[PDB]
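Shown below, as C-alpha cells, is a lone chain in the form deposited in one PDB entry; questions about how it binds or moves come after it.
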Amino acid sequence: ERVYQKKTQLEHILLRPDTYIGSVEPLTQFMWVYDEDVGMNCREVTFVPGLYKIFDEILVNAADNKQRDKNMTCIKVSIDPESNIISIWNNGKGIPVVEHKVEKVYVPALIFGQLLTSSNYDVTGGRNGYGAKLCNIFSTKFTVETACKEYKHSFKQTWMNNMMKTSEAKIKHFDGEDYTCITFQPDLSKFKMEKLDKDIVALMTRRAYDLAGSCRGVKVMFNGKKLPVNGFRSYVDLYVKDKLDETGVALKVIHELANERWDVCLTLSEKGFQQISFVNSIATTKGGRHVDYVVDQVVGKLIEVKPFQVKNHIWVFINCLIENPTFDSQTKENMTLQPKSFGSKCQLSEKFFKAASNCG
C-alpha cells in the first residue's frame, strides 16, 4: 500500500537522479578545464557530475545536428551564471514544426517534452532518447525554439518546474534560415549549489572548445566570441602549448587524419600514459575501447620492451566517429563498444609511424 509502490517515470527520475544523470553530489578530481584567465589547464576541480551531464546532453545534441545536416556551419554557446541561464544555438536544419500524426502533438514538443523520444531509435552521440528531457527535468525553466523552412513553421515552448508545467506552443509561419535554440536555467537546488561557480563554468567552457576541436566544419562561439580553433591539430595545441620534453624543448605532435572517422595526434608523455579523446563529440575522459584500439596499433608498430612500458611515454589525442556507442556510465567518460562493432577502420600510414619515431 504505502510499502509496495509504483512510480511514474518523472516521479522516478526525481526520486533517483543518480540513476539518470549520475551523482548529484560533489566530486573533486584533477580535470582538464578552460579557466578564463589561463585557458586550458589540468587541475583539481570540484563539481557535480549530474550538472555537467544536463549541459553536455544539450551541447552534444547541437553537435549531432551537424551529422544530421552537414550544411550546419555554427554553434553558439552562452553561459550567464549571474542570471543562471545557459543557451545553445545551432543552425542547419531545424525541427519539423508539424503535428506528429501518431502522437498527435508538434514534433518539438514530443521530443523535448516526453520521454523515450528520439530520431535515433531505428553517427550521433544521441541513441537513448533521454537527454533533452533530463536537462528539462533538472531545469527550473527550459525553452525550446526551432524553425524548419521545409515545414513552413517556427516553434517555441517553455517548460517549468522540472518539466511539470508548460506554456502551449507558440507556432508561427517561417521562411528564414533554420536554427534550434535551447535555453535552460538548471535547478541548482537539486545539485545543492548557490550559483554556477568557476569550477563548473571552466568545465563548461572546456566543452565548447572541445566541440571546436571535435566537430568538423562548425564555428563555435562562446559568449558571443569565436573560438580560434580550426582543425583537430589546433585544439591539441591548446594542451601541448608550453609543454616541455626531457631536454627543455617543446613537444612535437604527429597528426594523421586516417579517414573521416579517425583523427589522431600523438606525442611524448613525461607523466605517463594520458589520453584526450572524443566519440561523436562526447568527451571520453576515462577512455574506452576506441582508445585501446588505436594505442594497440601504435605500440604494436613502434616496438618494431613490453607494450605497457611504451604506453607510459604516449599522449594520444583521438577524435573519432562510432556507430551506436555504449558507455560504462551516465556521464559517458568511458566507452564500452567492441571494435568489431565500431563500423569503420583506423589504418595509419607508414609516414605517421616513421614521423612518430623521431620524437621521444
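We number the residues from 1 along the sequence you see. C-alpha atoms forming the largest set that superposes within 1.5 Å between two forms make up the rigid core.
The following text describes the form deposited with a small molecule bound, which does not appear among the structures shown.
The partner is absent here; in the entry with it bound, the one residue of 143, 87, 275, 166 having a heavy atom within 4.5 Å of the small molecule is 275.
Only one of 154, 205, 267, 284 lies close to the small molecule in the entry with it bound, with a heavy atom inside 4.5 Å, and it is 284. The stretch among 76-84, 253-261, 207-215, 184-192 whose residues place heavy atoms within 4.5 Å of the small molecule in the entry with it bound is 207-215. The small molecule is not drawn, but in the entry with it bound it has a heavy atom within 4.5 Å of residue 333. For the chain shown alone, residue 55 is not a contact residue for the small molecule in the entry with it bound, no non-hydrogen atom being within 4.5 angstroms. Among heavy atoms of residue 32, some come within 4.5 Å of the small molecule in the entry with it bound. Interface membership of residue 222, defined by any non-hydrogen atom within 4.5 Å of the small molecule in the entry with it bound, is ruled out. For residue 328, the Cα coordinates differ by 2 angstroms or more between the shown form and the other one after the core has been superposed.
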